[PDB]
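Visitor: Mind looking over this structure? Questions follow.
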Amino acid sequence: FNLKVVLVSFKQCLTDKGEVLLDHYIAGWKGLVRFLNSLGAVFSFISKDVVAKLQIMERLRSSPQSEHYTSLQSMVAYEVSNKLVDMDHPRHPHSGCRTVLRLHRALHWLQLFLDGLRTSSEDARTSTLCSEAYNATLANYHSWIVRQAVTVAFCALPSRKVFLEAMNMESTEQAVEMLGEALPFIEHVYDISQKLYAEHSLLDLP
């Protein structure tokens with residue numbers, strides 16, 4: 001196992017029509033969770049939640065409706081057109097649309113964090129890299145108590161070297177090189193998803 005193989009799921013999930021394939025999206029996140037877990041327990045407040053939502057998506061994708069959950073685009077077209085998603089402030093609490101929204105937001109945090117990890121000085125402060133990434137993203141969807149608790153938790157995070165080493169590349173430098181190759185794919189998937197959700201007024205699904 002290694003992070004390069006994991007992030008390549010996000011290159012693979014993209015079609016030449018600009019669609020995001022659900023199956024590779026799930027697999028990329030399954031790998032990211034495995035990575036987060038290899039760094040202790042500081043991330044379980046994100047990781048445990050991410051895993052539960054992935055299970056929700058796998059059940060949708062294995063379902064008799066499987067053809068509809070083939071891509072994020074087809075999911076949205078289907079769930080909206082058949083009124084299967086709660087747009088306001090609830091009859092469908094586990095819809096694909098609202099579930100992927102959380103994965104999407106958490107993915108934004110994970111992308112900025114990994115990119116911060118990549119461009120930083122050697123002995124850079126992990127709690128800091130993470131905290132800037134979080135405040136830019138997930139913090140906008142958490143409560144004061146959560147933001148405060150989480151921000152303190154970041155101080156228990158391993159060193160940058162322990163992070164890069166956890167990526168299981170041949171070397172620390174190679175890991176940094178790998179991130180520069182991979183993140184653009186993660187970002188593109190995020191941008192496509194964000195636009196898709198924006199254009200359908202799904203950015204605040206309950």
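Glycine also receives a Cβ, built like all others from the backbone with ideal geometry; neighbour counts cover every protein chain displayed. We did not get these values from a lab; they are worked out from the coordinates using the rules stated.
Visitor: Just report the Cα centroid separation between the range 154-172 and the range 13-27, whole Å.
Guide: First find each Cα centre; the distance between them is then 28 Å.
Visitor: Another question, then. Give the Debye-formula value of log10 I(q)/I(0) at each listed q (0.19 Å⁻¹), with one equal scatterer per alpha carbon of the chain, two decimals each.
Guide: Those come out to -1.44, one per q.
Visitor: Here is a further query. Can you sort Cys97, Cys130, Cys155 by how many other beta carbons sit within 10 Å, fewest first?
Guide: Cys155, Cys97, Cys130
Visitor: While we're on this one: Tell me the mean residue ellipticity at 222 nm calculated for the chain from its helices only (DSSP H runs of n ≥ 4, each -39500 (n - 2.57), averaged over every residue, nearest 500).
Guide: Estimated from H runs of four or more residues: -21500 deg cm²/dmol.
Visitor: On full extension of the chain, what length is gained from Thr119 through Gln174, given 0.36 nm per residue of separation minus the C-alpha to C-alpha distance?
Guide: Between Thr119 and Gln174, full extension yields 18.5 nm more.
Visitor: How much FRET efficiency would the formula 1/(1 + (r/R0)^6) give for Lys195 and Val80, where r is the Cβ-Cβ distance and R0 is 25 Å, rounded to 0.05?
Guide: The value I calculate is 0.95.
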